[PDB]
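One chain follows as structure tokens, the form solved without its partner chain.
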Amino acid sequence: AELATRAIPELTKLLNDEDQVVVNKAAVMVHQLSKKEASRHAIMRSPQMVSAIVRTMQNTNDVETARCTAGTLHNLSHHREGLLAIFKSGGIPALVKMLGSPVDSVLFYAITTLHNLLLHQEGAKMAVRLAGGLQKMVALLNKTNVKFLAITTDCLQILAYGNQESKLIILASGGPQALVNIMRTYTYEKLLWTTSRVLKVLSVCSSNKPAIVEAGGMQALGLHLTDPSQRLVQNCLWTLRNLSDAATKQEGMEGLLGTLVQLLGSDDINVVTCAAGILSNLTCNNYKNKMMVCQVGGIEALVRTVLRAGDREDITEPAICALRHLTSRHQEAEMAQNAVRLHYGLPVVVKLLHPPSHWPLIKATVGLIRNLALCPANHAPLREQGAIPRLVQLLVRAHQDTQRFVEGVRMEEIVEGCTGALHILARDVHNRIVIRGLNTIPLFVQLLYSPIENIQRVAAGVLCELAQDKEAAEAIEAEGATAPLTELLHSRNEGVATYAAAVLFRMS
């Protein structure tokens, strides 16, 4: 401090210079005063010099002058008050101006001083946003030095987190495409982890997610699912899960779907839950993805996941959902319906219909059972496992709650799913004796009166399969169903009209 606190007032005169060359020879001096801790603890001390370093750094059109001036601000950036000094000096907009400077060396001090400001200085995020540094940081994502890219992506992550307007600026600045490029072309873990944190923050925005998917983000995140760094894989999985609802049109997912299946066998419950969630979303409405997941043993992996998950519905509900997807509207679905039985899946699926399962899990499980029931080899084991009495009790109770949303599930979807499962199970003659013995024919006739056209179709279809037996056909008639079936014959839904025409013919 000798040649410091006391060396301060002379340095204020040595900072401010009017000559385009004496302030240059002064700036390279101030850099030397920045390299010594004693002299920079004096630069931190008085705010006059700090404003002059910031001013002359804006004024200078010489690269070397701008470097030592920024390196000075960098050395002040290690000190807590140095930050407060740059905050007073208004250097944040000045530092932003050099995010467009070309020489690398000055970019590296500026993005670091801004980084330390965003971490330890209060209100710094608001100042960088006002200065338009967000758009300058996204443009910097094209540079090549990985240590520089790791700091820039972190600055964007601290700024975008919890701020929806910062996320929309990153979108408008082409951020999604730039961040995805970083994931495809670099192997440095610190940068890839930070970039995935940015994409994770952008993944929850309704506008950013389609653009990330458009840029190939699903495939880019898939490349790092095999990485030994847990924080990288986990953030990739969290990000993949948020975008997976918008990626039903993407192709080239063969590698991702194969890795996702292996991740189901993982011991990390967060890894397993995410992989089950992504696979469930990507297999929806995508026949090609259904084929691939089945081609890499996905049914067997999902059945093992549901067995290992037990009572945790964070795992079973997506894994059941994915299983219901892979068992319908898809080429090798008949082999998938059998595969569930072959891997001892039928007992656990029926179990998930009983407590303590919550209604969302029950919805998927009933849907899974309809698809499994399409395979005749599943008719007898589903009956032996006790599926028909339980589906009937769920249907009866759900129908009373409709006459008089639970867990986000409307009971009318329980009514429709349970009647649909019974519709397919009723193809087997022994299931029809069980369904008939439960005195379900009444309730089925009531469902013909239901306003939901899908509930009318499953109700008329199950009565149609039942009406092929003589004893049952008389019971449907005695139930008075001949009159609703007449109004059903003239329905906008075909399926409602044809099933009503079939039962009517069966009653003779």
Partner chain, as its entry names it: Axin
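Between two forms, the rigid core is the largest collection of C-alphas that superpose within 1.5 Å. Numbering follows the first chain given and starts at 1.
Although not depicted, the form solved in complex with its partner chain is the subject of the following passage.
For the marked spot (74, 147 and 190), a heavy atom within 4.5 Å of its partner chain in the entry with it bound is present in each of the three residues. Residue contact check for residue 116: one or more of its heavy atoms lie within 4.5 Å of its partner chain in the entry with it bound.
Residue contact check for residue 343: none of its heavy atoms lie within 4.5 Å of its partner chain in the entry with it bound. Its partner chain in the entry with it bound is not approached by residue 186, whose heavy atoms all lie more than 4.5 angstroms from it. Contact check for residue 78: a heavy atom falls within 4.5 Å of its partner chain in the entry with it bound. Proximity to its partner chain in the entry with it bound, defined as a heavy atom within 4.5 Å, singles out one entry of 85, 151, 395, 92, which is 151. Contact annotation: of the candidates 378, 112, 431, 305, the single residue with a non-hydrogen atom within 4.5 angstroms of its partner chain in the entry with it bound is 112. In plain terms, the part of the chain that comes close to its partner chain in the entry with it bound, with a heavy atom within 4.5 Å, is 102-110 out of 102-110, 395-403, 257-265, 210-218. Residue displacement note: residue 41 has its CA displaced by at least 2 Å between this form and the one not shown (rigid core superposed).
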